[PDB]
């Protein structure tokens, strides 16, 4: 559990404009800029050089402080790789060029339920797991609007709060007993033991099982 996370997902805002029935959203608003600043300071103290995204289960382009937050990543963690995951409904050409200049290296746009292109990827939405490994808690930290740290993007209900960055350094949370044993337990495939993982049907995302098939 020594290796730092390679991706951190930050819920800079919790609302999304869509109502996708397949999404946890169906069925506060924005992250305190002070809270985002202490996260930047912590990530800066680690010389963080992995990926950073701005979407948990909300639409980042709805965040009124998005430009500020993106600009701060370039100041605090210029080695990191800022990525926007967005439904695209707010992504005008102007926002795109502005966000790119501020530091975003990639936009992953997903046309969802309803209704710079080198840096734009366009997608369109369109039991026995008890022993499966999973490497997500070894690679990914999630930070919610209120600062809670989760081991996975699946934990919408925050069953596995590892700590809170408003109260503790994210490196210390990442390396605490609870997070360390969890990622070890999931690396060994003990999904059945976790209330988060035991019913999870992730088979392709950071699993040994992923080399097979298709």
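Positions refer to the first chain, counted from 1.
Trainee: Checking chain continuity here. Are there deposited residues lacking coordinates between residue 131 and residue 132, and if so is it 1 to 3, 4 to 9, or 10 or more (or none)?
Mentor: Missing in between: none.
Trainee: Please classify the unmodelled stretch of the deposited sequence between residue 27 and residue 28: none, 1 to 3, 4 to 9, or 10 or more residues.
Mentor: Unresolved stretch here: 4 to 9 residues.
Trainee: Can you tell me whether 56-64 has a higher mean C-alpha B factor than 178-186 in this record, or the other way round?
Mentor: Mean B over CA atoms: larger for 178-186.
Trainee: Output the stretch having the higher mean C-alpha B factor in the entry; the candidates are 9-17 and 198-206.
Mentor: Looking at the record's C-alpha B-factors, the answer is 198-206.
Trainee: Choose from 113, 77, 91, 135 the residue with the greatest Cα B-factor as stated in the PDB record.
Mentor: Highest C-alpha B-factor among the listed residues goes to 113.
Trainee: Based on the deposited C-alpha B factors for this chain, I'd like to know if residue 123 is in the lowest, middle or highest third.
Mentor: Highest third.
Trainee: If you rank every modelled residue in this chain by C-alpha B factor, which third holds residue 106: lowest, middle or highest?
Mentor: Answer is middle: the recorded C-alpha B-factor places it there.
Trainee: Quick check on the deposited entry: does the C-alpha B-factor of residue 117 sit in the lowest, middle or highest third of its chain?
Mentor: It falls in the top third of the chain.
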